[PDB]
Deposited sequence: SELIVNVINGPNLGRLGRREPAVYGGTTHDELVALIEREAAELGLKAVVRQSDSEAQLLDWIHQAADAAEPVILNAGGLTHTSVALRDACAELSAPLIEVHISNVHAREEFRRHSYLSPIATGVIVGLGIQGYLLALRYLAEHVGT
């Protein structure tokens, strides 16, 4: 079973002003996925249109999605509407605790339609979302 891990704007800057980089995150995820018997496809883009295309492809293939949409979490109705079409689980992930920062970060257009949300557990949040999905 294939799981899409989709990272949104500014996530390619991970580790570069907390040192895990985006390439390292990809390697960590693929290794964990292989241990669980899953195939993880990890993609990152700063373009909202590109993220919508990837979600549409996950919706047509009925594949689960682990999404960290970055700043678009708080602002894009178009992203929420694309994610409303998914039929497999959608897990929203944030690396840092979004509730401990500015007040505008406490509102997400994605949380109400996600199956679950994991915030503040660092990069381990992606690995735990994978384990939830492997345990069906």
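Stretches of the deposited sequence lacking C-alpha coordinates, numbered from 1: 1-2, 20-24, 144-146.
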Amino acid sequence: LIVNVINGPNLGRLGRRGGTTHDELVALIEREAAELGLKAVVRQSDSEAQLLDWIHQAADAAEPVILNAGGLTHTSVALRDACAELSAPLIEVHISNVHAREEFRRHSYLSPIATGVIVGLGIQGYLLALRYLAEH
From here on, numbers count along this sequence of modelled residues.
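Across the other compared structures of the same protein with both neighbouring residues present, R17 lacks coordinates in at least a third. Mean C-alpha B-factor is higher over 28-36 than over the other stretch, the pair under comparison being 28-36 and 80-88. Higher mean CA B-factor, judged across 51-59 and 95-103 from the recorded values: 95-103. Taking the PDB entry at face value, the top CA B factor among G125, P9, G116, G19 belongs to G19. The PDB entry assigns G120 a C-alpha temperature factor belonging to the lowest third of its chain's modelled residues. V5: CA B factor lies in the lowest third for its chain, per the PDB record.
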